Every structure is written in C-alpha cells, then in structure tokens.
Amino acid sequence: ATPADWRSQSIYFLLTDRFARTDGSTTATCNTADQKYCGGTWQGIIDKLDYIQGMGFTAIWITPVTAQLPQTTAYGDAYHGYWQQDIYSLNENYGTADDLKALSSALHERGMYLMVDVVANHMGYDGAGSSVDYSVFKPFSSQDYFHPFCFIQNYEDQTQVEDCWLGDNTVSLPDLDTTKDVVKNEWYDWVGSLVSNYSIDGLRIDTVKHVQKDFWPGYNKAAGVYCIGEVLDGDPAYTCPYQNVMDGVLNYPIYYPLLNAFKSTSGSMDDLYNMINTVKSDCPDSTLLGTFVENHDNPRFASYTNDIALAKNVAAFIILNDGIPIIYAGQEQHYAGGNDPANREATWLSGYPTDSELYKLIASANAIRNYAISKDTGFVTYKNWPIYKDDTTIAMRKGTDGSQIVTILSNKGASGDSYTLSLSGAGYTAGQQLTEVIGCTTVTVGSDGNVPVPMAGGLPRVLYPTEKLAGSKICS
Ligand SMILES: *[C@@H]1O[C@H](CO)[C@@H](O)[C@H](O)[C@H]1NC(C)=O
Ligand SMILES: [Ca+2]
C-alpha cells in the first residue's frame, strides 16, 4: 500500500511473542525479567483480531519474522526478532510460512493492513565480536559482508554511528557494510520478495540512522510499499531529513514533549505546542510520520503516572495528531512496565477486556477519526493546527472547514476542577451544535463564535459538528 493509502490508517503495534498464544491462554506465565519466549504466535494474533479491530485500528505492526540466533543469551532469547541470522527462514517460534500468510489474508478480509518490522543494519550473534562465526549468517556468510569490528562510542560522529557495531561484548550485532553493492542488491531482492510472498502492506524499518542515507531510497523502492523508519533522535533537524530518503519516520521529535506534557500535572504544553509547529513546517510531510507515546524501547506512559485522565489525554492526542496513530499492545490496558525488558509484558495476561477505560477511550477516538476520514478526504492532508494553550491545556483543529475535529486536552489529571473554557479559533459558526464525542455531550457555539468547552475530571474533549454525525453509530 502507498504512502497515500497509509495516511488514513491507525496502527496497533504488538510483539508477536507477547500478544497472543495459539492456545488463547490468558494465564500462561510470562515473566518479563526472564527475557525468554513466552509463546505468542501469528495464529494467536488471527484469533484476537476482533479485540484489535474493536478499538477501531485499521492495521497492525508486528515484530520481525526472520529466523534468529538460537541461544538463550545472557540477555535472554531473540523473542523480539531483532537478532536475525537467516533472513530466508522464518522464526519457527511464531509459526509457519502458511501461518504468516494466513495472518496477512485474515487482516485483508477485514479491510486491515499488515505492517512488518525489518532490520537491514545488523545480524545478531551470541558472544563477543572476536568470537563471531560469519558462516551462520544467510546469505551474508562471510566477514567480507561486514564493517570492521568497532563499537559506537561517539554518537556525535555520524560516520561511527553508521560504520561501527551496536550491541556489546555479550550479544554482538554484526554491522552489515551497507555501502557495498552486493549488500544493497541482496537486501533489495530480499525486501521485495518478502513483501510479495506475504502480501505485506507496509514496513517499519528499525535502526535507520545506523545505515548511510544513500542505502534507503533503493530499499524503499524495492519494498514497493510505505516504509516508516526508526530514526532515534528528538531533534527534527536530525530526524526529519530522513524523510528525503524514506516515506515516513516515527515521530521521536513529538514523543519527548508529548510524554512531558501529559506525564505530570506540571507538564509543559508550550514545548508540545512549539514542537507541533516545528514538525509541521520543518519536516517534509508531518502527515506521513507515526505518532506515539509508548513502545518497547522506552518506559510505558503509566510507568510515569497511573493517572487515568492523563493516559486518556495522551491517547486522544496520538489518534488526532497529523500522521499515523501508533498504540503499543498493553497501552490500552494501562500497562506500567519500565525500560526493557519490563515494557514487553504479555497482552494476554490482561484477559483482553474490551470494557477497560483506555480500550473505550481509544475506541471513541479512532471512531471519530475513522468517521471524519470517511466523510472528508481532506482530513489527512489538513496540517494539525494548535489554536490554544495555557498552563494545563492545549487545543488543536484538524479537518476541512465545516467538518473540523476540535480537540481540547488537559494535564489537570483525574482531580481536575470543573470549569468552562471559552475557546476562540475553532472556526465553527454561532449557534452550531457540536458533539463532544468522548463523553457524548453537546456544546453550542456562542454569539461571538467562541466555544464554551465544559472541562471536568481532567477529561479530553473531542468536538465535531452534530449535524455531520447523521447516520453514524457515534454517541447514538
Ligand atoms: C519468496 O519466495 C521465493 C520462493 O519462490 C524465494 O525464491 C524467496 O527467497 C522468498 N522470499 C522470502 C523473503 O522468503
Ligand atoms: Ca551500520
């Protein structure tokens, strides 16, 4: 599927090892500190697609599918998929080639997309760099395919970042020489044939900044589908230029201020408001970035605060921001694990309740986005407009004039006081009825064109014209 096809999608990101077992158990042990395979599979995902689709997601992002190092290392198993050795075999822990094809077709039968995580930068090996037997890597079965052994020490030296190895003396990540034509041609043939064999709709590419830029346009072209890169830098001047070589990047620039804004009642709405406007003007296309606050590489949002109103607000933001919403399996059940491995909790241990507070919030937010998009082909290309901020508030507008979603978010938290925020700049006309589609209340635009927004319980407010909700299942 093209970058234009992907603009309207909403992604549920999951760890294949941690989301669903074939036996559908909600009680099988998964102690994250063990760092071992807990038994999740492609078949388990198929069996829980109703759970995912019930929150209004249109797509899933699964962890890499290639065969891994076999060892249980001092850091555990390759349960995460980022330690590949044989790219022409699948990780049999998750199932067979027929199971991955059955997952692609099950998503396609529901009108959903499959996005698959891939690594081009490195292989994985149990042991120090000097111990590596290059013959285990398929097809890169020789030292000749790899950069000379060194670790990245100076992350300010882009040459060392690209040419030296990640990992450490316990688990080595042998760094492919991605400047060699033979490595380019191998990766390019592989990625086109992966997408083609499994009917994959898009790729998330791990570890983009560690591969030199001239590798990426050939890779994105070979895949023949939307590619969203992991470029791990909060500076849009470093990260946004990668959109010149790849369709999308994960919105790490928005991540840091978005987390800060909602993780405490002290959070800076200024830093978030300012970064939205920097990304909107200085990134090649803000509408092809991936918005998130939670993944398997950072502490979960609930690890910073268990305030459910703050979690509702940050989820509403992720879904209503420019670009593609990405929610990480467990976020919807308020999971609170810290850094790796604590943030790889098994989704099944929740029991997959469809009545949890954040399952319901995400369902409501995805419902108005999915609905608004079905009635407004301009929603996804209208750049999100922050129209208001104060110490505890940010409001933003997105969508074609007369159909705009107007979102008011708060970091007051669940103890927040009850008041009326007189909001200017929403662009609706006096007497217009709006539905607040999270709480299903109506608000009427005033004589002066200001919206009297009811604030209470630190709750997020999402406004849309009541007349435009004709015939939708929202707030029935
Ligand atoms: C796709 O299938 C063909 C077998 O026809 C094979 O030549 C190729 O290696 C496969 N690609 C992947 C990535 O499995
Ligand atoms: Ca590299």
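We number each residue from 1, following the sequence as shown. Both backbone and side-chain heavy atoms feed into the values below; hydrogens, waters and symmetry mates do not.
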(message) Testing the 3.5 Å rule here: is there a donor-acceptor pair between the side chains of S403 and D376?
(response) no

(request) Verify the ring-centre separation between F19 and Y12: is it less than 6.0 angstrom? (result) yes

(request) Among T420, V443, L459, find the residue that satisfies the side chain to side chain contact (heavy atoms under 4.5 Å, CB included) test when tested with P454. (result) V443

(message) Between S268 and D271 (side chain of the first, backbone of the second, donor and acceptor by atom type, cut-off under 3.5 Å), is there such a pair?
(response) yes

(request) Apply the ring-ring contact (aromatic ring centres under 6.0 Å, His included) test between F292 and each candidate in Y328, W61, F13, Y252; give the one that qualifies. (result) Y252

(request) Indicate yes or no: at least one non-hydrogen side-chain atom of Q433 is less than 4.5 angstrom from one of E467. (result) no

(message) Within the structure provided, determine whether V462 and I405 are in side-chain contact (heavy-atom separation under 4.5 Å).
(response) yes

(message) Measuring only between side-chain heavy atoms, which start at C-beta, is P386 closer than 4.5 Å to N277?
(response) yes

(message) Check this for me, if you would: do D77 and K36 make a salt bridge, where the nitrogen-to-carboxylate-oxygen distance has to be below 4.0 angstrom?
(response) no

(message) Before we go on, tell me: are the rings of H296 and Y82 under 6.0 Å apart, centre to centre?
(response) yes

(message) Using side-chain heavy atoms (C-beta onward) and a distance below 4.5 Å, is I438 in contact with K312?
(response) no

(message) If the test is side chain to side chain contact (heavy atoms under 4.5 Å, CB included), which one of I394, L272, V293 qualifies with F317?
(response) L272

(message) Using modelled atom types and a 3.5 Å cut-off, is there a donor and acceptor pairing between side-chain atoms of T63 and backbone atoms of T16?
(response) yes

(request) Give a yes-or-no answer on whether the side chains of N93 and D17 include a donor-acceptor pair shorter than 3.5 Å. (result) no

(request) Check the surroundings of atom NZ in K221: do more than 12 heavy atoms from other residues, nucleotides or ligands lie under 6.0 Å from it? (result) no

(message) Assess, by modelled atom type and distance only, whether the side chains of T66 and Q84 contain a donor and an acceptor separated by less than 3.5 Å.
(response) yes

(message) Please check: side-chain N/O of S196 versus main-chain N/O of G192, any donor-acceptor pairing under 3.5 Å?
(response) no

(message) Applying salt bridge (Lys or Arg N to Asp or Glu O under 4.0 Å) as the test, list every pair that has at least one member in residues 341-355; sequence neighbours left out.
(response) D297-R344, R300-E345, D340-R344

(message) Distance check, rounded to the nearest 0.5 Å: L288 atom CG versus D322 atom CG?
(response) 10.0 Å

(request) Examine distances only and state if a side-chain atom of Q68 and a backbone atom of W83 form a donor-acceptor pair shorter than 3.5 Å. (result) yes

(request) Going by the side chain to side chain contact (heavy atoms under 4.5 Å, CB included) test, name the single residue among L203, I87, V116, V225 that passes it with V191. (result) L203

(message) Here's a test for you: under side chain to side chain contact (heavy atoms under 4.5 Å, CB included), which of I228, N220, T2 qualifies with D247?
(response) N220

(message) Closer than 4.0 angstrom, basic N to acidic O: yes or no for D285 and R7?
(response) yes

(request) Find the distance between CG (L100) and CD1 (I62) and round it off to the nearest 0.5 Å. (result) 5.5 Å

(request) Run the numbers on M396 and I387 for side-chain contact (heavy atoms from CB on, under 4.5 Å), then give the verdict. (result) CA-CA 5 Å; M396 57 200 195; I387 56 160; 5.7 Å; no

(message) If you define the side chain from C-beta out and look only at heavy atoms, does anything of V279 sit under 4.5 Å from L289?
(response) yes

(message) Are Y304 and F262, when compared by the centres of their aromatic rings, separated by less than 6.0 Å?
(response) no

(request) To the nearest 0.5 Å, tell me how far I11 CD1 sits from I60 CD1. (result) 10.5 Å

(request) Nearest 0.5 Å please: distance from the CD1 atom of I319 over to the CD1 atom of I324. (result) 13.5 Å

(message) Contact between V437 and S364 at the side-chain level, heavy atoms closer than 4.5 Å - yes or no?
(response) no

(request) Compute whether any side-chain donor of one residue and acceptor of the other, for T22 and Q43, lie under 3.5 angstrom apart. (result) no

(request) Examine distances only and state if a side-chain atom of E436 and a backbone atom of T441 form a donor-acceptor pair shorter than 3.5 Å. (result) no

(request) Determine, using ring centers only, whether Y388 and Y273 are less than 6.0 Å apart. (result) no

(message) For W6 together with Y113, are the ring centres under 6.0 Å from each other?
(response) yes

(message) With no hydrogens and no angle check, just 3.5 Å: does a side-chain donor-acceptor pair link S10 and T58?
(response) no

(message) So does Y382 get a backbone contact from the side chain of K398, meaning a donor-acceptor N/O pair under 3.5 Å?
(response) yes

(message) Once you measure the plane-to-plane angle for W216 and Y219, does it fall in the parallel (<30°), tilted (30-60°) or perpendicular (>60°) bin?
(response) perpendicular

(request) To the nearest 0.5 angstrom, please state how far the CE atom of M112 sits from the CD atom of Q53. (result) 5.0 Å

(message) Within the 4.5 Å heavy-atom criterion, are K383 and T287 side-chain neighbours or not?
(response) yes

(message) What I'd like to find out is whether the side chain of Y359 reaches to under 4.5 Å of the side chain of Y352, using heavy atoms alone.
(response) no

(request) Apply the test side-chain contact (heavy atoms from CB on, under 4.5 Å) to residues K48 and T347: give CA-CA distance (whole Å), side-chain angles for both, the deciding distance (0.1 Å), then the verdict. (result) CA-CA 11 Å; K48 295 304 310 190; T347 321; over 6 Å; no

(message) So does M55 get a backbone contact from the side chain of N366, meaning a donor-acceptor N/O pair under 3.5 Å?
(response) yes

(request) Just do the side-chain contact (heavy atoms from CB on, under 4.5 Å) check on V118 and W190 with the steps written out, would you? (result) CA-CA 11 Å; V118 300; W190 174 84; 3.9 Å; yes

(message) By the salt bridge (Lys or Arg N to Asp or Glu O under 4.0 Å) test, which pairs, at least two apart or in different chains, include something from residues 88-112?
(response) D50-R110

(request) Take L258 and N321 through the side-chain contact (heavy atoms from CB on, under 4.5 Å) test and state the conclusion after the steps. (result) CA-CA 11 Å; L258 169 60; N321 190 34; over 6 Å; no

(request) May I ask you to check whether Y79 and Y37 place their ring centers less than 6.0 Å from one another? (result) no

(message) Between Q404 (side chain only) and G402 (backbone N and O only), is there a donor and an acceptor less than 3.5 Å apart?
(response) yes

